[PDB]
Every structure is written in structure tokens, then in C-alpha cells.
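Shown below: structure36.txt, with compact mmCIF, C-alpha atoms.
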```txt
# COMPACT_ATOMS: atom_id res chain seq x y z
CA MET A 40 5.23 37.89 18.26
CA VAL A 41 8.47 39.97 18.58
CA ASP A 42 12.07 38.96 17.75
CA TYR A 43 14.80 39.69 20.35
CA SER A 44 17.09 37.02 18.80
CA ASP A 45 19.84 39.67 18.26
CA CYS A 46 20.24 40.16 22.07
CA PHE A 47 20.54 36.35 22.64
CA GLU A 48 23.63 36.10 20.32
CA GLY A 49 22.80 32.51 19.15
CA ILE A 50 21.95 31.38 22.74
CA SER A 51 18.71 29.33 22.80
CA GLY A 52 15.96 31.09 24.76
CA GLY A 53 12.91 33.35 24.89
CA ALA A 54 11.55 36.49 26.55
CA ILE A 55 8.10 37.78 27.61
CA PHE A 56 7.22 41.38 28.68
CA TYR A 57 3.76 42.30 30.05
CA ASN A 58 2.23 45.82 30.32
CA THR A 59 -0.66 45.84 32.88
CA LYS A 60 -1.94 49.10 31.23
CA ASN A 61 -2.92 47.70 27.77
CA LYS A 62 -2.85 44.04 29.04
CA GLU A 63 -0.50 43.27 26.09
CA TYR A 64 2.32 40.67 26.05
CA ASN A 65 5.51 41.10 23.95
CA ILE A 66 6.54 37.45 23.28
CA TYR A 67 9.84 36.18 21.79
CA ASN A 68 9.64 32.33 21.31
CA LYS A 69 6.02 31.53 22.36
CA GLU A 70 6.63 27.74 22.76
CA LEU A 71 9.54 28.30 25.19
CA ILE A 72 7.84 31.04 27.29
CA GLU A 73 4.86 28.62 27.80
CA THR A 74 7.14 25.71 28.91
CA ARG A 75 7.30 25.03 32.69
CA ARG A 76 10.85 24.63 34.13
CA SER A 77 12.41 24.73 37.62
CA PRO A 78 12.48 28.41 38.73
CA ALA A 79 15.87 27.85 40.46
CA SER A 80 16.82 30.96 42.56
CA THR A 81 14.06 33.15 40.95
CA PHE A 82 11.93 31.38 43.61
CA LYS A 83 13.58 33.70 46.13
CA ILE A 84 11.17 36.37 44.91
CA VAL A 85 8.31 34.31 46.48
CA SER A 86 10.25 32.66 49.37
CA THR A 87 11.16 36.24 50.53
CA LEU A 88 7.42 37.16 50.78
CA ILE A 89 6.63 33.79 52.49
CA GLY A 90 9.33 34.45 55.14
CA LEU A 91 8.07 38.03 55.76
CA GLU A 92 4.36 36.96 55.91
CA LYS A 93 5.24 34.16 58.44
CA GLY A 94 7.55 36.35 60.62
CA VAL A 95 10.67 34.18 59.93
CA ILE A 96 12.29 37.44 58.62
CA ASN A 97 11.09 41.05 59.19
CA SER A 98 13.39 43.44 57.26
CA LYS A 99 16.22 43.82 54.71
CA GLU A 100 18.65 43.41 57.70
CA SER A 101 17.07 40.12 59.00
CA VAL A 102 19.68 37.34 59.57
CA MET A 103 19.03 33.56 59.87
CA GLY A 104 22.17 32.59 61.86
CA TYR A 105 25.39 31.25 60.24
CA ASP A 106 26.69 27.85 61.55
CA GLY A 107 30.23 28.46 60.17
CA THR A 108 29.85 26.01 57.24
CA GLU A 109 32.54 26.92 54.65
CA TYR A 110 30.78 27.11 51.23
CA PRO A 111 32.38 27.11 47.76
CA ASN A 112 30.78 30.56 47.24
CA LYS A 113 32.80 32.59 49.81
CA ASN A 114 30.09 35.34 49.63
CA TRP A 115 27.90 32.85 51.64
CA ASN A 116 30.44 32.39 54.49
CA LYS A 117 28.94 34.89 56.99
CA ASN A 118 25.71 35.74 58.86
CA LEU A 119 24.42 37.71 55.83
CA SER A 120 21.27 39.91 55.82
CA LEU A 121 18.13 39.36 53.70
CA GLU A 122 19.37 41.93 51.11
CA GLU A 123 22.81 40.23 50.85
CA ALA A 124 21.31 36.68 50.73
CA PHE A 125 18.97 37.71 47.87
CA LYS A 126 21.74 39.49 45.84
CA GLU A 127 24.21 36.57 46.43
CA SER A 128 21.50 33.89 45.73
CA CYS A 129 22.35 32.37 49.18
CA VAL A 130 20.66 28.92 49.22
CA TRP A 131 21.54 28.04 52.86
CA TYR A 132 19.77 31.24 54.11
CA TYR A 133 16.55 30.58 52.09
CA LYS A 134 16.55 26.82 52.92
CA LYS A 135 16.78 27.66 56.67
CA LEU A 136 13.96 30.24 56.10
CA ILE A 137 11.58 27.81 54.30
CA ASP A 138 12.38 25.02 56.86
CA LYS A 139 10.65 27.33 59.44
CA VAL A 140 7.34 27.30 57.43
CA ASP A 141 5.10 24.19 57.34
CA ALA A 142 4.40 22.69 53.88
CA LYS A 143 0.65 23.44 54.26
CA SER A 144 1.40 27.22 54.52
CA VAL A 145 3.75 27.10 51.48
CA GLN A 146 1.21 24.99 49.48
CA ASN A 147 -1.75 27.36 50.20
CA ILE A 148 0.38 30.42 49.25
CA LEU A 149 1.64 28.88 45.95
CA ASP A 150 -1.90 27.63 45.04
CA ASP A 151 -3.32 31.14 45.73
CA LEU A 152 -0.50 32.70 43.57
CA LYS A 153 -1.09 30.01 40.85
CA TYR A 154 2.73 29.44 40.98
CA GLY A 155 3.04 26.93 38.07
CA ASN A 156 2.53 23.29 39.14
CA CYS A 157 2.70 24.35 42.88
CA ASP A 158 4.51 20.99 43.44
CA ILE A 159 6.61 21.06 46.67
CA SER A 160 6.44 17.21 47.09
CA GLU A 161 10.28 16.91 46.83
CA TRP A 162 10.79 19.32 49.79
CA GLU A 163 14.54 18.53 50.26
CA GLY A 164 15.18 18.74 46.48
CA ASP A 165 17.23 16.41 44.24
CA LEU A 166 19.74 14.87 46.74
CA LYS A 167 21.28 12.57 44.05
CA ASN A 168 23.36 15.65 42.96
CA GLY A 169 25.46 15.09 46.17
CA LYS A 170 24.98 18.74 47.35
CA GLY A 171 23.14 17.54 50.53
CA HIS A 172 21.34 20.47 52.27
CA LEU A 173 22.15 22.83 49.30
CA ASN A 174 18.96 21.55 47.61
CA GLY A 175 15.21 22.24 47.68
CA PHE A 176 11.94 21.72 45.78
CA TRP A 177 12.69 24.94 43.81
CA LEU A 178 16.19 23.85 42.54
CA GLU A 179 15.87 21.44 39.53
CA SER A 180 13.24 19.47 41.51
CA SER A 181 9.43 19.11 41.77
CA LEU A 182 8.40 22.81 41.45
CA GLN A 183 8.03 24.03 37.82
CA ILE A 184 6.72 27.32 36.32
CA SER A 185 6.72 28.84 32.79
CA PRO A 186 8.23 32.28 32.00
CA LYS A 187 4.66 33.51 31.21
CA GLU A 188 3.48 32.22 34.65
CA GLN A 189 6.48 34.06 36.25
CA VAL A 190 5.34 37.35 34.64
CA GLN A 191 1.66 36.72 35.68
CA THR A 192 2.94 36.06 39.26
CA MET A 193 5.14 39.26 39.26
CA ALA A 194 2.15 41.32 37.99
CA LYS A 195 -0.25 40.06 40.74
CA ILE A 196 2.39 40.63 43.50
CA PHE A 197 3.48 44.18 42.52
CA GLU A 198 0.00 45.38 41.33
CA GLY A 199 -1.38 44.43 44.83
CA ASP A 200 -3.63 41.50 43.73
CA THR A 201 -2.19 39.01 46.33
CA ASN A 202 -2.61 38.46 50.13
CA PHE A 203 0.97 39.69 50.86
CA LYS A 204 1.26 42.97 52.85
CA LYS A 205 2.33 46.07 50.84
CA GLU A 206 5.07 46.59 53.51
CA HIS A 207 6.64 43.18 52.63
CA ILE A 208 6.27 43.76 48.85
CA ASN A 209 8.11 47.12 49.31
CA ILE A 210 10.99 45.26 51.08
CA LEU A 211 11.15 42.79 48.13
CA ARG A 212 11.09 45.64 45.53
CA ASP A 213 14.06 47.30 47.33
CA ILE A 214 16.30 44.15 47.42
CA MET A 215 15.41 43.41 43.70
CA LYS A 216 16.59 46.84 42.40
CA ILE A 217 19.61 46.56 40.00
CA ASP A 218 21.90 49.37 38.67
CA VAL A 219 21.69 49.57 34.82
CA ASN A 220 23.58 52.93 34.44
CA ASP A 221 20.35 54.73 33.33
CA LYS A 222 18.50 56.84 35.97
CA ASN A 223 15.62 57.37 33.44
CA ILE A 224 14.51 53.71 34.04
CA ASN A 225 14.12 51.50 37.15
CA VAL A 226 15.01 47.76 36.67
CA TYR A 227 14.34 45.06 39.32
CA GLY A 228 14.92 41.32 39.10
CA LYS A 229 16.35 38.02 40.29
CA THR A 230 18.72 35.61 38.52
CA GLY A 231 18.32 31.82 38.44
CA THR A 232 20.85 29.12 37.48
CA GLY A 233 20.15 25.40 37.21
CA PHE A 234 21.05 22.49 34.93
CA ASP A 235 18.29 20.01 33.91
CA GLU A 236 20.32 16.73 34.06
CA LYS A 237 17.46 14.68 32.52
CA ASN A 238 17.18 16.89 29.35
CA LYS A 239 20.85 18.16 29.44
CA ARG A 240 19.81 21.85 29.13
CA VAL A 241 20.33 24.92 31.36
CA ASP A 242 17.54 26.70 33.26
CA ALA A 243 19.03 30.21 33.15
CA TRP A 244 16.66 33.00 34.26
CA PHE A 245 16.27 36.71 34.88
CA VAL A 246 12.77 37.63 36.15
CA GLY A 247 11.59 41.04 37.31
CA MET A 248 10.10 44.32 36.09
CA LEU A 249 10.94 47.67 34.40
CA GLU A 250 9.50 51.14 35.29
CA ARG A 251 9.91 53.84 32.61
CA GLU A 252 7.95 57.15 32.26
CA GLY A 253 4.63 56.06 33.87
CA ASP A 254 4.78 52.58 32.21
CA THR A 255 5.52 49.25 33.99
CA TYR A 256 6.59 45.97 32.27
CA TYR A 257 6.83 42.60 34.08
CA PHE A 258 9.34 40.30 32.36
CA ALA A 259 10.93 36.84 32.29
CA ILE A 260 14.05 36.08 30.19
CA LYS A 261 14.85 32.35 29.90
CA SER A 262 17.58 30.24 28.26
CA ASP A 263 17.38 26.44 27.64
CA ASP A 264 20.83 26.36 25.92
CA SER A 265 22.97 23.14 25.85
CA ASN A 266 26.06 25.14 27.07
CA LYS A 267 26.48 25.09 30.91
CA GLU A 268 28.35 28.45 30.57
CA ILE A 269 24.83 29.99 30.11
CA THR A 270 23.83 31.02 33.67
CA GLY A 271 21.37 33.49 35.27
CA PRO A 272 24.05 36.26 35.19
CA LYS A 273 24.44 35.73 31.39
CA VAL A 274 20.63 35.85 30.91
CA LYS A 275 20.63 39.05 33.08
CA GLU A 276 23.11 40.59 30.54
CA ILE A 277 20.72 39.60 27.66
CA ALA A 278 17.73 41.09 29.60
CA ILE A 279 19.51 44.46 30.10
CA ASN A 280 20.44 44.48 26.36
CA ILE A 281 16.75 43.78 25.42
CA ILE A 282 15.65 46.61 27.78
CA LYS A 283 18.23 49.07 26.33
CA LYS A 284 17.29 48.34 22.68
CA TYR A 285 13.49 47.76 22.89
CA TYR A 286 12.21 49.45 26.14
CA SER A 287 14.24 52.74 26.35
CA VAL A 288 11.47 54.87 24.67
```

Translate the structure of the given file into C-alpha cells.
Amino acid sequence: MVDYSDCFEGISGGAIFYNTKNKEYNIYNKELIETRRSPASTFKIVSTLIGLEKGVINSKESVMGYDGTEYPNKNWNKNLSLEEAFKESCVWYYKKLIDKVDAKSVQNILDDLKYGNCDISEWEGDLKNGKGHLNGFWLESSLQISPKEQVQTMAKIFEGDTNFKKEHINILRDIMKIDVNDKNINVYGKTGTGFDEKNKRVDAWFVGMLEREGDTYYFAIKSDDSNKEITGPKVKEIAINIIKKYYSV
């Protein structure tokens, strides 16, 4: 096991990196990286591929149609493209996308990906949070997946071991790219922010992969901190700091 506790700065969490070359895992906090939790918006990595496979979307410019609803997040108040919806974690766009796919198609795809518990039984999500249609099975609801399962899922998608078309995977790779101010490495990923009301802990995520000098690492950074200030964006900062200190050479 490895120790990346310095990059977490006292925040409760864990990290797992996987190299498909030597089939080796670098694990910080084994018990946490094996614990299933709601994926929150990291599910957009998979819902993007589902939409492309089913023809609901077709490109990084694809739009779903904006009904004018004024959302708290003003970055959601427009007919945004796939790329924008992914980068802004736009829930209304992805809920409208998944509502165009029958549950049987989603179930078969998650079962074939071995996506954690593959439980989409609470389709509409946890409505007792009063957010109405801004809910879904992937947002603090029935679907749960461990950080290790996220990395195993990322590896199968990007190494070409799934049924998804390489054309759709290339679209996903493009919208996942993030700027880390280091052209020697390529970082891709998706943030996730949720609060587990039952256990009173955050589900803060950053899931993706790193490409550096012929080597590829699939990773999942996760926080279960008590402090609601700990969000996906904060875990993304921790991930970049882990990458800079332990994966630069």
C-alpha cells in the first residue's frame, strides 16, 4: 500500500491508480477504495457512452433542448452542448438523455461493464431531497460503485474491452481532458459531488486517467469527509497534487 495522506491535508479519503502494463494497483486506504458509494456525476462517464451508443447524442456539439428552466447553477441556463454539459456537470441534460433509453438497455450495459451493484431500481433518484427532476439513480440513490470498480471500469472502456464503439470512446476522451499546466502529461477525468444523508458523509470524487511517456494510469480519488465543503472540485485539486508529486516521472 502507498501513502498519499500528505496531498489530502487531513481530509478523509483514499486513492487508487492502476497501470494496465504491469497490472499493478497503487492503493492509498484499501478499505475505502473497496467501499461502494453513489458515483454522483462521475456516472456521466458511462451515461455519455450510453447516449452515443443509443443515438440520443452523436457528437461533442449534440444538444438535448433547453426548456428555459432557470437553475441555481447559471452555467446550466442554456441549450448547452455535450462537451459543456459534461464540464458543467449538467444534471438536466443527462437526465433528459437517460430518459430516452429504456431501463433494460441501461441494465444490460451496466451488467456487461460490471458497474458496481448495477442497481437502477430508483430511476428518478431520491425525491425526498426536494430537488424534483434534478435527481436520478446515480445521485445518492440506488446505484453504488467502489473507487476500485471505477478504475476497473475506466480500464475496460479505454483499453477497448467493452462493446462501445471506439468513435464514441474518442468523443468521451476529448470532453474529459483537463488542463494541468504540464504538456508532458495528459490528464482526463470527471468530478462528482454528493452528500450521503444517511451516514452524514460526502461522496466527493475525481475519476479518470493519466498518460505520461508511454505509460497509462486509470485512477479514482475519493473523499468520505464529514465536511460538506469537500466537493468533487476539491478532490480534483487533491488528484492533481497526487499526480504532480507521485506520477511526474

Inset, instruction - Tell me which of A:216, A:93, A:204, A:170 sits closest to residue 141 of chain A, counting only C-alpha atoms. - result: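 The closest residue to residue 141 of chain A is A:93.
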
Legend entry - Nearest to residue 272 of chain A, chosen from A:245, A:57, A:257, A:286, with all atoms listed in the file counted in the distances: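 Going through A:245, A:57, A:257, A:286 one by one, the smallest distance to residue 272 of chain A is for A:245.
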
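Counting all atoms listed in the file, the residue from A:82, A:43, A:132, A:56 that sits nearest to residue 284 of chain A is A:43.
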
Legend entry - Which residue of A:62, A:153, A:113, A:135 approaches residue 254 of chain A most closely, using all atoms listed in the file: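 Smallest separation from residue 254 of chain A among the options: A:62.
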
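Between atom CA of residue 255 of chain A and atom CA of residue 84 of chain A lies a distance of 17.8 Å.
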
Skip residue 217 of chain A itself and residues of its chain fewer than 2 positions away, then list as a PDB file with C-alpha atoms, keeping the file's coordinate frame all residues within 12 Å of it, counting only C-alpha atoms.
```
ATOM      1  CA  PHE A 125      18.970  37.710  47.870  1.00  0.00           C
ATOM      2  CA  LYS A 126      21.740  39.490  45.840  1.00  0.00           C
ATOM      3  CA  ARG A 212      11.090  45.640  45.530  1.00  0.00           C
ATOM      4  CA  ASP A 213      14.060  47.300  47.330  1.00  0.00           C
ATOM      5  CA  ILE A 214      16.300  44.150  47.420  1.00  0.00           C
ATOM      6  CA  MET A 215      15.410  43.410  43.700  1.00  0.00           C
ATOM      7  CA  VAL A 219      21.690  49.570  34.820  1.00  0.00           C
ATOM      8  CA  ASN A 220      23.580  52.930  34.440  1.00  0.00           C
ATOM      9  CA  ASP A 221      20.350  54.730  33.330  1.00  0.00           C
ATOM     10  CA  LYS A 222      18.500  56.840  35.970  1.00  0.00           C
ATOM     11  CA  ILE A 224      14.510  53.710  34.040  1.00  0.00           C
ATOM     12  CA  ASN A 225      14.120  51.500  37.150  1.00  0.00           C
ATOM     13  CA  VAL A 226      15.010  47.760  36.670  1.00  0.00           C
ATOM     14  CA  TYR A 227      14.340  45.060  39.320  1.00  0.00           C
ATOM     15  CA  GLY A 228      14.920  41.320  39.100  1.00  0.00           C
ATOM     16  CA  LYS A 229      16.350  38.020  40.290  1.00  0.00           C
ATOM     17  CA  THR A 230      18.720  35.610  38.520  1.00  0.00           C
ATOM     18  CA  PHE A 245      16.270  36.710  34.880  1.00  0.00           C
ATOM     19  CA  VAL A 246      12.770  37.630  36.150  1.00  0.00           C
ATOM     20  CA  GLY A 247      11.590  41.040  37.310  1.00  0.00           C
ATOM     21  CA  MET A 248      10.100  44.320  36.090  1.00  0.00           C
ATOM     22  CA  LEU A 249      10.940  47.670  34.400  1.00  0.00           C
ATOM     23  CA  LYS A 275      20.630  39.050  33.080  1.00  0.00           C
ATOM     24  CA  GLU A 276      23.110  40.590  30.540  1.00  0.00           C
ATOM     25  CA  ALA A 278      17.730  41.090  29.600  1.00  0.00           C
ATOM     26  CA  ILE A 279      19.510  44.460  30.100  1.00  0.00           C
TER      27      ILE A 279
END
```

Inset, instruction - Go ahead and compute the interatomic distance for atom CA of residue 144 of chain A and atom CA of residue 55 of chain A, in Å to one decimal. - result: 29.7 Å

So which residues touch residue 206 of chain A within 10 Å, counting all atoms listed in the file, skipping near sequence neighbours fewer than 5 positions away, as a PDB file with C-alpha atoms, in the coordinates of the input?
```pdb
ATOM      1  CA  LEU A  91       8.070  38.030  55.760  1.00  0.00           C
ATOM      2  CA  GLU A  92       4.360  36.960  55.910  1.00  0.00           C
ATOM      3  CA  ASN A  97      11.090  41.050  59.190  1.00  0.00           C
ATOM      4  CA  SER A  98      13.390  43.440  57.260  1.00  0.00           C
ATOM      5  CA  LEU A 211      11.150  42.790  48.130  1.00  0.00           C
TER       6      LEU A 211
END
```

Inset, instruction - Excluding residue 268 of chain A and residues on its chain fewer than 6 positions from it, collect all residues at most 12 Å away from it, counting only C-alpha atoms, and give them as a list in words. - result: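 What passes the distance filter is residues 50, 232, 233, 234, 240, 241, 242, 243, 262 and 274 of chain A.
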
Legend entry - Two-atom distance - atom CA of residue 189 of chain A, atom CA of residue 265 of chain A (Å): 22.3 Å

Inset, instruction - Using only C-alpha atoms, find the one residue out of A:60, A:83, A:187, A:117 that sits nearest to residue 136 of chain A. - result: A:83
